[PDB]
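Participant: Quick one: structure below, then a few questions.
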Amino acid sequence: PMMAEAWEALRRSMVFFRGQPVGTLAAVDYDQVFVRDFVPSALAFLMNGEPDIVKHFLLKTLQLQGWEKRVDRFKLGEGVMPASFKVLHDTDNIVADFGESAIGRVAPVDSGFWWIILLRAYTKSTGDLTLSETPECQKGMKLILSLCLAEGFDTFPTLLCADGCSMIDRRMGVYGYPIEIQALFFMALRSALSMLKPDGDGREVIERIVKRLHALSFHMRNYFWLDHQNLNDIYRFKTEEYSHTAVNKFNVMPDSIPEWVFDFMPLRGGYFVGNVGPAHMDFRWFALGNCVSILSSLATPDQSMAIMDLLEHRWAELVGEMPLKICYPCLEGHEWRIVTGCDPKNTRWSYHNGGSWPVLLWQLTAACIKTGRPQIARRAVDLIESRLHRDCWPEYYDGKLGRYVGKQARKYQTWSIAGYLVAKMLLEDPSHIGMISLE
Amino acid sequence: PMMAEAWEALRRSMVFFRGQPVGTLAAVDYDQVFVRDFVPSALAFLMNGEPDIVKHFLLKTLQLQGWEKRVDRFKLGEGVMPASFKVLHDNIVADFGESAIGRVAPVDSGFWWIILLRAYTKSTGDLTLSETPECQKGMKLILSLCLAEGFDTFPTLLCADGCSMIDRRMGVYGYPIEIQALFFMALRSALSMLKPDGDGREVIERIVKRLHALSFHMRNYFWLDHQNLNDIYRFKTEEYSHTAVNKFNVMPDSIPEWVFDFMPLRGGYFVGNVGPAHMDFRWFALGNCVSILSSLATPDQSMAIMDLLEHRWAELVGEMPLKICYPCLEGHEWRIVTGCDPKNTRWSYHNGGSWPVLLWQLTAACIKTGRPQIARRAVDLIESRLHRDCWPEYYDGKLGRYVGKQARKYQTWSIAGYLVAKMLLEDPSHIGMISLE
Amino acid sequence: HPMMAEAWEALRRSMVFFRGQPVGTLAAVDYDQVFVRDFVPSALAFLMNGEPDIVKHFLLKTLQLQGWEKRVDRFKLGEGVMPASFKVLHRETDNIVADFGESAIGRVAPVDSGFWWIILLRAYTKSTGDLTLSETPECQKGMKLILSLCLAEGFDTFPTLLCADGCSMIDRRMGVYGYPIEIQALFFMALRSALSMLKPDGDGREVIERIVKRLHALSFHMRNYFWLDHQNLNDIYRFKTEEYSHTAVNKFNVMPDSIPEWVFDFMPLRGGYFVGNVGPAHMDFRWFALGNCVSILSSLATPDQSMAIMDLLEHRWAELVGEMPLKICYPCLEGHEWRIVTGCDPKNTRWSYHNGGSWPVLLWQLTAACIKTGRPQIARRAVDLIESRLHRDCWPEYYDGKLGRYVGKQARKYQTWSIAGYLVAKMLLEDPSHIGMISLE
């Protein structure tokens, strides 16, 4: 079909280090190997039967994790994973970016979770348990887990985050406890138990992971979940509840709930709220967060069915003419001025502020297979197969329906192609969802 | 003179446990023993010569630190200090955030414990309390919570909304100057009594290293004067490099208009917040005062803060010291930042309200900087209405002419701060108890 | 003090030579060409110092550029169209490259360049007394060519010149379309200075008639409609609407309720100024510095109106001048006005580049007009304010802020005309006899 052209583009975007495939580029015209950008390419190669690139990638990124990172005078964490790295020749040499060179000095919290998830996907797709059992991978797993599982003044089981900590590397503002980071956190924890060897300290770390997983499953299914009944209850909430036994636990103002939520909420269906914190509640629908919540089994089968129901009812809003919107709705006017800090790349229905991202398709596909609703993924596949190739594989789309190409979208984006390839192979062989899902 | 009335109120607000005085109340009509609320009362007793209450408070709060705290299914940190506690007829009950409105976390409680311990050991000279194994363990626990490794690419401590003195949503998330200044002061005061035995040698290495990272990061990025503001106004955007000028990618057009008019030619202050693409230009009183007391600010920066206080006096002080922050969020800003919080309206409780308790911080900072006349002006201005209004919790308005909308009369720390400020102005030799160099 | 010597070092370093001949000065020495409006103050400085050969070469070279074949996409430009700027192609052999709007951002047209050429020619012939240059057939042809473009007939029902946005010193979208005072004042001054040096041979007698006729139409239209004082503002506030008749009071049907709130508070009891723009149902009340200064220098404003402008400058000093002279316009567009008028232009933010920014180069105009009005203390105060910070900031292009306390957002350091304006203003303060070189009566 016209998908082979996509594989030509995917193979053209390969980056080699000393003869071995180390990764895929970000854009082929974003000229380095990004972790989140390489995840779909790695899944495509794993399903096609070429897992050596993923093998080299995990190990080289692990070596980068063991580097001495420093920002002006501050020594970075031990388990901090790089956001990207580039290769040079004049004598190959790898250079990594942990946030010192990143615009705005953002921290890639999702990189470590993606590394653990990719390691689990590799060991499940290949069945070769040797790599996950190597001392290096165990060290990397413990290093990344010790950064987030460490105790602190936190009164929430969820992971606290600064703005620009997830795929959305700009102020939008994903600070606090965004569903994207919490879902990736839960998935990485569960996948960590799937391959961790209990050493003297290993048994203790496993105990910590299990306890945190229980606290997370409870906090996420009870507070982040939102359906019509729960929204009505929050609308009827009382304020100023200073007691151990309080109903309105986080003191959310019922009048502060935006007007769009009441009209957007259908009778059947629900989703996970974008953020929940002290007196804060971001009601925005985030695609990656809900998809990972479904894949990591964080959402109950009923909640997953409700997410699919909401996707079918409010389809034009969450998908439109081009899947898939990164978040709904978008920030406008004052909301854009204060939350984004007058960021011009995140305009109305743009890059991170409501833009349509084709790469998200594979996630939508995977969750759809896990929930038993393949027709939804097929609808999205037919929608993407009609315009993605014609537009030379853009990075992102803009507009309420995604009818327009992004304002600053890069053509021939690597993961925009890899996501389509992964989604098509998943539709052809659903048996691959076990590589990216848990129960 | 007719100043001991405040001492009568301070002595009436004492809370005893098993016969011994353990602390002071929050309000005498906020009904428990709060850490931040007890700090000024403890300083007043330390200066008057009654340090037994401070000792019992530190020891009992340390015992509370060793409790097994739980939030629904989540085990809180080991070194987490409680925000408040009350005595029930005689068993102590503490709140670590499970009962707090909005489930806010008291990040400043741990730092306040260490600062109060240093103040006690310096005021009394009795090094025995700081050298006991229990308090040493408490110091190491609180230090291990903040010095812990993480995804952070900033030396400053990440914070959720509602982390200190502002227990509500106000935009204090990220790296607010109040928490960073208290962090720096607690870090410096921890070395003043940490023994090098066992783990002490290792932790001492950590505290010193982070102290270097903070002093730089605070003096280079958080500081703001007319020249620095002009430079940020002329900043270039989208800087992807280790050698970038606009390190945090702040949008020059996003700088609010009030900053350009508020900035005088002489003087400066520390910016309220600095984070990824975020820079809160609001002036916070407690943060700058602690930055001066902890010597975090250079002598020139402290003199600049005093210069700004003298030039834009009506804005930061007005008819009632001291405004908690300037300016206040209005309209859309209030709707988005506070989440439509009604207790923080225009020039109110946390959103620009005038707090009398802050006076002592202003006083000490004035003595350390060599500008006592400013503190005398604030004292002469406050001594005319604090007692007449039955010691309110906070004042509202652009000038503080009106009492708070929901202010509690006879607030304990509002009285203790005035007493501490008067004792500091009368005897400046006490600033060593709350300052470093 | 010899700080003018430092300013002159910078001015002489910005000289541009063409195949051995000095043709002009650059715009910025770090805007990297020879601009007409940018060269006007430098030319005045050299004329006052006694080095007029550079001005002679500039006028002749610009006339030669006027004799070029200009084209934009498929359209042949006007015959008398003057270039906005030009650059030299070094580094042994030089070559001329001119910009008439084809290379300009937004394809803006420099309407003021021709008027500045005529005004500069009059200034040269008056400063040197050498009438030979203006009487050459080439200069007469250039004057007639530029005059035939603006004096041409059209559907216009207004004596003033219709203009597109970004046609004056303000090369960007700012709402200066229509009949801005800057272009009208430069037009009036160029017309009078054209009569000051036009020969009556052949067609000249014919053109002299046109220039005179339009001058009568302008002097009236400007003094009766564009002028604005407290009494006139009160009258417009009491205006009636829908006046369809030859004898109408509200001639342009301006809505009294549409007058902005800032105008009533800004208008003092003593003093007045010329309104920024007047057209069909449109009236931009913004105060433009260059327009009023040229209206004073060209004697377009009566002595009473000039005294009123100085009175307004004394009363509303912090608004029009502040800590750094001189604001290009007052007030600035904010919020919705900025979104609609500027089209979301980021270089013209609040109290910025063209939207209320402080420009040091304007000082010389403020100086000249003050000497013409007999109020030197105003110019001396502005000179002291500039002499206290302009050199310390390495001669910025423009300043931002309500008071001008901050350097421009995108200001270029060591701007040529920002230095030349200071030198011209100081030379005018030292020898007021030079104002005749830039003024009419």
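By order in the structure tokens, chains are A, B, ...; within a chain, residues start at 1; ligands start at 1, following the order shown.
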Which residues in range 348-393 of chain B does DSSP call helix (DSSP H, G or I)? List them as a ChimeraX atom specification.
Facilitator: /B:356-368,372-382
Participant: Need the shell around range 399-415 of chain A: protein/DNA/RNA residues with any atom at most 10 Å away, counting only C-alpha atoms. Skip same-chain ones fewer than 5 positions apart. Format as an MDAnalysis selection string?
Facilitator: chainID A and resid 6 9:14 24:30 34 36:42 316:325 328:330 345:351 354:360 387:389 391:394 420:422
Participant: Skipping near chain neighbours, those fewer than 5 positions away, what residues fall within 6 Å of range 167-179 of chain C using only C-alpha atoms, listed as a ChimeraX atom specification?
Facilitator: /C:109-112,161-162,277,341-342
Participant: Save the residues we just selected, C-alpha atoms, as a PDB file, in the first residue's frame?
Facilitator:
ATOM      1  CA  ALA C 109       6.456  53.988   0.283  1.00  0.00           C
ATOM      2  CA  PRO C 110       8.740  56.832   1.467  1.00  0.00           C
ATOM      3  CA  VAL C 111       6.540  59.872   0.828  1.00  0.00           C
ATOM      4  CA  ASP C 112       8.666  62.120   3.078  1.00  0.00           C
ATOM      5  CA  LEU C 161      -2.085  64.424   0.638  1.00  0.00           C
ATOM      6  CA  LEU C 162      -3.705  60.991   0.874  1.00  0.00           C
ATOM      7  CA  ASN C 277      -5.190  63.013  11.357  1.00  0.00           C
ATOM      8  CA  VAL C 341      -4.540  49.425  14.398  1.00  0.00           C
ATOM      9  CA  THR C 342      -1.083  47.837  14.308  1.00  0.00           C
TER      10      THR C 342
END
Participant: Please identify all residues of chain A having at least one atom at most 12 Å from any atom of chain C, considering only C-alpha atoms, and return them as a count of residues only.
Facilitator: 4
Participant: With a distance threshold of 7 Å and counting only C-alpha atoms, extract the residues of chain A near chain B and express them as number ranges by chain.
Facilitator: A: 73-74, 76-77, 80, 99-107, 109, 147-148, 151-155, 157, 162-164, 171, 176, 215, 240-244, 249-251, 253, 256, 278-279, 334, 341-342
Participant: Leaving out range 258-265 of chain B and any residue of its chain fewer than 4 positions from it, which residues lie within 12 Å of it when counting only C-alpha atoms, given as a ChimeraX atom specification?
Facilitator: /B:224-230,232-233,252,254,269,271,280-283,304-305,307-316,326-329 /C:323,350-351,400-407
Participant: Limited to C-alpha atoms, could you put the picked residues into a file as an mmCIF file, in the first residue's frame?
Facilitator:
data_model
loop_
_atom_site.group_PDB
_atom_site.id
_atom_site.type_symbol
_atom_site.label_atom_id
_atom_site.label_comp_id
_atom_site.auth_asym_id
_atom_site.auth_seq_id
_atom_site.Cartn_x
_atom_site.Cartn_y
_atom_site.Cartn_z
ATOM 1 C CA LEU B 224 16.168 42.560 39.620
ATOM 2 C CA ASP B 225 17.061 46.248 39.370
ATOM 3 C CA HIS B 226 16.508 48.863 36.646
ATOM 4 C CA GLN B 227 19.494 47.696 34.575
ATOM 5 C CA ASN B 228 18.579 44.010 34.801
ATOM 6 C CA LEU B 229 14.983 44.776 33.853
ATOM 7 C CA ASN B 230 16.170 46.738 30.814
ATOM 8 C CA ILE B 232 15.453 41.310 30.130
ATOM 9 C CA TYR B 233 13.291 43.742 28.149
ATOM 10 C CA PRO B 252 9.992 40.167 26.812
ATOM 11 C CA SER B 254 4.971 39.214 28.550
ATOM 12 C CA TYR B 269 14.638 43.432 44.824
ATOM 13 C CA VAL B 271 11.960 38.447 41.767
ATOM 14 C CA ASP B 280 6.876 36.020 38.565
ATOM 15 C CA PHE B 281 7.863 39.691 38.956
ATOM 16 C CA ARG B 282 5.877 40.182 42.184
ATOM 17 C CA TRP B 283 7.690 41.591 45.224
ATOM 18 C CA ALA B 304 19.149 48.448 47.090
ATOM 19 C CA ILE B 305 16.220 46.711 48.780
ATOM 20 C CA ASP B 307 16.452 52.094 48.717
ATOM 21 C CA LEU B 308 13.448 50.620 46.910
ATOM 22 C CA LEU B 309 11.587 50.478 50.223
ATOM 23 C CA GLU B 310 12.239 54.200 50.706
ATOM 24 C CA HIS B 311 11.314 55.207 47.148
ATOM 25 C CA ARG B 312 8.175 53.085 46.626
ATOM 26 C CA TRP B 313 7.142 53.271 50.274
ATOM 27 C CA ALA B 314 3.429 53.963 49.773
ATOM 28 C CA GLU B 315 3.159 50.853 47.585
ATOM 29 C CA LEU B 316 5.010 48.293 49.732
ATOM 30 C CA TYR B 326 2.962 43.772 45.595
ATOM 31 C CA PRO B 327 0.996 44.148 43.458
ATOM 32 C CA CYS B 328 -2.256 42.175 43.687
ATOM 33 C CA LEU B 329 -4.001 39.971 41.141
ATOM 34 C CA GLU C 323 12.877 61.508 31.348
ATOM 35 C CA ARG C 350 3.210 49.700 24.687
ATOM 36 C CA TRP C 351 5.359 52.853 24.798
ATOM 37 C CA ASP C 400 10.831 52.892 25.720
ATOM 38 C CA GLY C 401 8.537 53.544 28.659
ATOM 39 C CA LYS C 402 6.086 56.197 29.811
ATOM 40 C CA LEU C 403 9.075 58.352 30.823
ATOM 41 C CA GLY C 404 11.725 56.900 28.498
ATOM 42 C CA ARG C 405 13.775 55.583 31.434
ATOM 43 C CA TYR C 406 14.450 52.306 29.572
ATOM 44 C CA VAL C 407 16.483 51.717 26.422
#
Participant: Quick one, how far is CA of residue 353 in chain B from CA of residue 239 in chain A?
Facilitator: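 Result for CA of residue 353 in chain B versus CA of residue 239 in chain A: 21.9 Å, one decimal.
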Participant: Taking into account only C-alpha atoms, which residue in the set B:299, B:267, B:196, B:256 is nearest to chain C?
Facilitator: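 Residue with the minimum atom-to-atom distance to chain C: B:256.
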Participant: Quick one: residues within 9 Å of range 180-195 of chain C, only C-alpha atoms, excluding same-chain residues fewer than 6 positions away - as a ChimeraX atom specification?
Facilitator: /C:111-112,114-119,121-123,143-144,147,150,160-163,167-169,208,211-212,214-215,218-219,222,226,274-278,284,288-300,439-440
Participant: I'd like to know which residues of range 116-297 of chain C are strand (DSSP E) (by DSSP, run on the backbone); could you write them as number ranges by chain?
Facilitator: C: 227-229, 272-279, 282-288
Participant: Those residues with N, CA, C and O atoms, as a CSV table (one decimal), in the first residue's frame please?
Facilitator:
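Wrote out-v9.csv, looks like this:
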chain,number,residue,atom,x,y,z
C,227,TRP,N,-6.1,72.2,13.8
C,227,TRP,CA,-5.7,72.8,15.0
C,227,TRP,C,-6.7,72.3,16.1
C,227,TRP,O,-7.9,72.1,15.9
C,228,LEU,N,-6.2,72.2,17.4
C,228,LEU,CA,-7.0,71.8,18.5
C,228,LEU,C,-6.5,72.3,19.8
C,228,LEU,O,-5.3,72.1,20.2
C,229,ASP,N,-7.4,73.1,20.5
C,229,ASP,CA,-7.1,73.7,21.8
C,229,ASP,C,-8.3,73.3,22.6
C,229,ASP,O,-9.2,72.6,22.2
C,272,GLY,N,-2.2,74.3,22.9
C,272,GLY,CA,-2.9,73.5,21.9
C,272,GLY,C,-1.9,72.8,21.0
C,272,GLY,O,-0.7,73.0,21.2
C,273,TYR,N,-2.4,72.1,20.0
C,273,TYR,CA,-1.5,71.4,19.1
C,273,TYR,C,-2.3,71.0,17.9
C,273,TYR,O,-3.6,71.1,17.8
C,274,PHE,N,-1.6,70.4,16.9
C,274,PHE,CA,-2.3,70.0,15.7
C,274,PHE,C,-2.6,68.5,15.8
C,274,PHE,O,-1.8,67.7,16.2
C,275,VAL,N,-3.9,68.2,15.5
C,275,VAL,CA,-4.4,66.8,15.5
C,275,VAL,C,-3.7,65.9,14.5
C,275,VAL,O,-3.3,66.3,13.4
C,276,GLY,N,-3.5,64.7,15.0
C,276,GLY,CA,-2.7,63.7,14.1
C,276,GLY,C,-3.3,63.4,12.8
C,276,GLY,O,-2.6,63.3,11.8
C,277,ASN,N,-4.6,63.3,12.7
C,277,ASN,CA,-5.2,63.0,11.4
C,277,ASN,C,-6.6,63.5,11.3
C,277,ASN,O,-7.4,63.4,12.3
C,278,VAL,N,-7.0,63.9,10.1
C,278,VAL,CA,-8.4,64.4,9.9
C,278,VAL,C,-8.9,64.0,8.5
C,278,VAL,O,-8.2,64.3,7.5
C,279,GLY,N,-10.0,63.2,8.5
C,279,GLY,CA,-10.5,62.7,7.2
C,279,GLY,C,-12.0,62.4,7.4
C,279,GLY,O,-12.6,62.7,8.4
C,282,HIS,N,-13.2,60.4,10.2
C,282,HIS,CA,-12.1,59.9,10.9
C,282,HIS,C,-11.3,61.1,11.5
C,282,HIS,O,-11.1,62.1,10.8
C,283,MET,N,-10.8,61.0,12.7
C,283,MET,CA,-10.0,62.0,13.4
C,283,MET,C,-9.1,61.4,14.4
C,283,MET,O,-9.6,61.2,15.5
C,284,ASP,N,-7.9,61.3,14.1
C,284,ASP,CA,-6.9,60.7,15.0
C,284,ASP,C,-6.3,61.9,15.9
C,284,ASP,O,-5.6,62.7,15.4
C,285,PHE,N,-6.7,61.9,17.1
C,285,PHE,CA,-6.3,62.9,18.1
C,285,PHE,C,-4.9,62.8,18.7
C,285,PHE,O,-4.6,63.7,19.5
C,286,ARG,N,-4.1,61.9,18.2
C,286,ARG,CA,-2.8,61.7,18.8
C,286,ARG,C,-1.9,62.9,18.4
C,286,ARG,O,-1.9,63.4,17.3
C,287,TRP,N,-1.1,63.3,19.4
C,287,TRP,CA,-0.1,64.3,19.2
C,287,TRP,C,1.2,63.8,18.6
C,287,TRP,O,1.8,62.9,19.2
C,288,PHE,N,1.6,64.3,17.5
C,288,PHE,CA,2.8,63.8,16.8
C,288,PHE,C,3.8,64.9,16.9
C,288,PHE,O,3.5,66.1,16.5
Participant: Report the distance between CA of residue 294 in chain B and CA of residue 436 in chain B in Å, rounded to one decimal place.
Facilitator: 5.1 Å
Participant: What lies within 7 Å of range 368-381 of chain C using only C-alpha atoms, ignoring chain neighbours under 3 positions off, as a list in words?
Facilitator: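 Using only C-alpha atoms, the neighbours found are residues 293, 296, 297, 306, 307, 364, 365, 384, 385, 428, 432 and 435 of chain C.
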Participant: Selection from above, N, CA and C atoms, as an mmCIF file, in the first residue's frame, can you write it?
Facilitator:
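Output contents, as saved in result.cif:
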data_model
loop_
_atom_site.group_PDB
_atom_site.id
_atom_site.type_symbol
_atom_site.label_atom_id
_atom_site.label_comp_id
_atom_site.auth_asym_id
_atom_site.auth_seq_id
_atom_site.Cartn_x
_atom_site.Cartn_y
_atom_site.Cartn_z
ATOM 1 N N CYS C 293 6.391 70.174 15.130
ATOM 2 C CA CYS C 293 7.649 70.900 14.989
ATOM 3 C C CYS C 293 7.809 71.454 13.578
ATOM 4 N N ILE C 296 5.602 74.389 13.023
ATOM 5 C CA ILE C 296 6.137 75.616 13.604
ATOM 6 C C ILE C 296 7.260 76.172 12.735
ATOM 7 N N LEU C 297 8.173 75.302 12.294
ATOM 8 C CA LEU C 297 9.297 75.754 11.478
ATOM 9 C C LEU C 297 8.847 76.266 10.115
ATOM 10 N N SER C 306 1.964 78.593 17.655
ATOM 11 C CA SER C 306 3.279 78.119 18.072
ATOM 12 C C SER C 306 3.467 78.346 19.567
ATOM 13 N N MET C 307 3.026 79.509 20.057
ATOM 14 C CA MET C 307 3.117 79.779 21.484
ATOM 15 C C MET C 307 2.237 78.809 22.256
ATOM 16 N N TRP C 364 16.616 67.889 17.929
ATOM 17 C CA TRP C 364 16.949 69.041 17.094
ATOM 18 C C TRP C 364 15.694 69.746 16.606
ATOM 19 N N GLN C 365 14.667 68.995 16.193
ATOM 20 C CA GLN C 365 13.447 69.670 15.770
ATOM 21 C C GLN C 365 12.891 70.488 16.925
ATOM 22 N N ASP C 384 19.751 69.233 28.539
ATOM 23 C CA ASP C 384 20.405 68.732 29.747
ATOM 24 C C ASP C 384 19.949 67.311 30.064
ATOM 25 N N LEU C 385 18.666 67.023 29.820
ATOM 26 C CA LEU C 385 18.156 65.679 30.069
ATOM 27 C C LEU C 385 18.828 64.685 29.139
ATOM 28 N N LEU C 428 22.486 74.824 17.353
ATOM 29 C CA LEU C 428 21.417 75.811 17.259
ATOM 30 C C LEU C 428 21.337 76.626 18.543
ATOM 31 N N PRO C 432 21.793 80.760 17.384
ATOM 32 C CA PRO C 432 20.414 80.699 16.873
ATOM 33 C C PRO C 432 20.271 81.224 15.458
ATOM 34 N N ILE C 435 18.712 79.083 12.554
ATOM 35 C CA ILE C 435 17.330 78.655 12.348
ATOM 36 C C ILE C 435 16.770 79.132 11.020
#
